[PDB]
Amino acid sequence: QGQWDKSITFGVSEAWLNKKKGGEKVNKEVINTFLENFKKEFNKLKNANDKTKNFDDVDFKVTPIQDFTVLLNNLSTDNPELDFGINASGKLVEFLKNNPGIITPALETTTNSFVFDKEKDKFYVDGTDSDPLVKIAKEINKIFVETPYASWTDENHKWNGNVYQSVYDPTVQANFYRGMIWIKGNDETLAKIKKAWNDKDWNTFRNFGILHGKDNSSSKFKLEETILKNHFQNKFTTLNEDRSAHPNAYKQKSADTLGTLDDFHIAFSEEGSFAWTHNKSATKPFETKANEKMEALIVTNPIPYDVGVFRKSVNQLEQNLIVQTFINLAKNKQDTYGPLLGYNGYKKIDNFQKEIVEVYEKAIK
Ligand SMILES: Cc1ncc(C[n+]2csc(CCOP(=O)(O)OP(=O)(O)O)c2C)c(N)n1
Ligand SMILES: [Ca+2]
Ligand SMILES: [Cl-]
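Summary of the structure given here.

1. Description of the coordination of the calcium ion (ligand 2)
Here comes step 1: Looking at the calcium ion (ligand 2), one finds its protein donor set to be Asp5 (OD), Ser7 (O), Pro80 (O), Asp83 (OD) and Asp83 (OD), positioned 2.3 to 2.7 Å from the metal centre.
Here comes step 2: Between consecutive donor residues of the calcium ion (ligand 2), the sequence gaps follow D-x1-S-x72-P-x2-D.
Here comes step 3: For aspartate 5, a relative accessible area of 12% corresponds to the buried category.
Here comes step 4: Note on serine 7: relative accessible area 26%, which makes it partly exposed.

2. Examining the site of ligand 1
Here comes step 1: As a structural note, the neighbourhood of ligand 1 is formed by 16 residues, with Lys91, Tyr177, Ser217, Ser219 and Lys220 the closest of them.
Here comes step 2: Between ligand 1 and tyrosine 177 there is a distance of 2.7 Å, counted from an oxygen atom to a side-chain nitrogen or oxygen.
Here comes step 3: Taking 600 Å² as the accessible area of ligand 1 by itself, protein coverage stands at 81%.
Here comes step 4: Per-element accounting of the shell around ligand 1 gives the leading share, three residues, to helix α8 (residues 218-231).
Here comes step 5: The residue makeup of the shell around ligand 1, split by class, is seven nonpolar, five polar and four charged.
Here comes step 6: If you count residues domain by domain, the shell around ligand 1 takes at least three from each of domain 1 (1-114 + 304-365) and domain 2 (115-303).

3. With respect to the nonpolar core
Here comes step 1: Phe10, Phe34, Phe60 and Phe326 are the most contacted members of the largest nonpolar core, which has 53 residues in total.
Here comes step 2: Residue contributions to this core peak at seven residues, all from helix α10 (residues 316-331).
Here comes step 3: When residues of this core are assigned to domains, at least three fall in each of domain 1 (1-114 + 304-365) and domain 2 (115-303).
Here comes step 4: Aside from chain neighbours lying at most four places away, what touches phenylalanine 326 is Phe10, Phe34, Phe38, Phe84, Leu107 and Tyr346.

4. Things to note about the packing of aromatic side chains
Here comes step 1: Applying the stated criterion to the full structure yields 40 aromatic pairs.
Here comes step 2: Here the aromatic rings of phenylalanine 84 and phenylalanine 310 are separated by 4.8 Å at their centres, their planes lie at 55 degrees, and the arrangement is tilted. With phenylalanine 84 in strand β3 (residues 84-87) and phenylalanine 310 in strand β11 (residues 307-311), the pair connects residues that are 226 residues apart, well separated along the chain. Each member of the pair, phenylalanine 84 as well as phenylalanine 310, carries the same accessibility label: buried.

5. A look at the pairing of strand β9 (residues 266-270)
In summary, the side chains of a regular strand alternate between the two faces of the sheet.
Here comes step 1: The element β9 is largely enclosed, with a buried count of five among its five residues.
Here comes step 2: As judged from the five bridges shared by strand β6 (residues 179-185) and β9, these two strands associate in the antiparallel manner. The residue of β9 that forms the bridge with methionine 180 is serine 269.
Here comes step 3: Where strand β7 (residues 210-212) and β9 come together, two bridges link them in parallel fashion. Residue pairing in the sheet places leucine 211 in a bridge with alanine 267 of β9.

Reading guide: rules and limits
- Residues numbered from 1 in each chain as written, not as in the entry; some residues may be left out.
- Chains lettered and ligands numbered in written order.
- Heavy atoms only, no water.
- Donors = N, O, S within 2.8 Å, 3.2 Å for Na, K, Ca; no water.
- Buried < 20%, exposed > 50% of the residue type's maximum accessible area, 1.4 Å probe, protein only.
- Near = heavy atom within 4 Å.
- Polar contact = N/O pair within 3.5 Å; in protein donor to acceptor, adjacent residues only side chain to side chain.
- Areas by Shrake-Rupley, 256 points an atom, 1.4 Å probe, with all protein chains shown as cover.
- Helix = DSSP H or I, 4+ residues; strand = E, 2+ residues; numbered from the N terminus.
- Nonpolar A, V, L, I, M, F, W, Y, C, P; charged D, E, K, R; others polar.
- Domains from an automatic or database assignment.
- Core = buried A, V, L, I, M, F, W, Y, C linked by side-chain atoms within 4.5 Å.
- Contact = heavy atoms within 4.5 Å.
- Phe/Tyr/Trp six-rings, centres within 6.5 Å; stacked < 30°, edge-to-face > 60°.
- Pairing = 2+ DSSP bridges.

Have a look at this one:
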């Protein structure tokens, strides 16, 4: 059942924690109140329960981590210096295929649903105008193109320094997210790209140039690859093999810079990434040439949101109290940390294989 650890340390992103604005480090002060609230709630539950009241009260700390690879590798060493961290679901599923049972998934995060994507169970069918994934892309275009993103105001779209609130329905928690495919060009170029998609002409489609993320990204690489493979049946085996033979058609860059590269017209991103990108950023996100437009072509199959995982030897009773502490803090609106990352809710994982692995695998087939 594991060892009771009187000191629990959460791993958090170095970039995030060591982050500041106008020279003011404010993230450190956010996680500080988060930790005070977490400690309070945890030991209250701990002490109110006869099964756990005799263990030592627990202190909570955080430690900054380089990247997810360091997080999963560090957790797998089962060292009490690092007990817990929240990781992207697809990366974790891949990690756990190669190193089964090595770490313990326990918590599932949820996020405010987008108003245009409230139903998880929508999947690729044929990529035509009646495809449910194309229909979500048309809904995105209403929000992002018809009322042009560049003209949104903080007030208009209710920016809260974190996200544009008007694009969300907080009454609905989504235990999922998707990737999406963007296209960009003048009218003639956009029609050509759509024609190549409608005609299933892979070579022409690909030669318009694709921006993508890291090869191990779900939402900026693998989920889009799945859609492309299913849509352009039998025209390539993997994106990596296609790129090897067609290097100039691919570039690793953020979708919000698509408008600045004349040679590229297609980009992968998280669904709705504009929702947490201030349009006033000095980097002019999603900006395009005057006679060009950027629009959504299609979104992807859905996969779970981020998963909280423990090193293996943390006492199981302790793990479940920690999971419940996250749930109650969000419910009591005492979680000052989560929403800064997109976590607006938490659920216990009851069956990892059914709730996480299977959902992910269905999405990428
Ligand atoms: C306020 C806010 N909402 C949403 C996000 C985006 N987001 C947070 S967790 C997550 C799911 C995992 O995505 P990611 O870590 O990019 O893994 P990938 O899809 O690249 O494998 C997303 C899309 C954010 N950064 N901030
Ligand atoms: Ca510890
Ligand atoms: Cl109990």
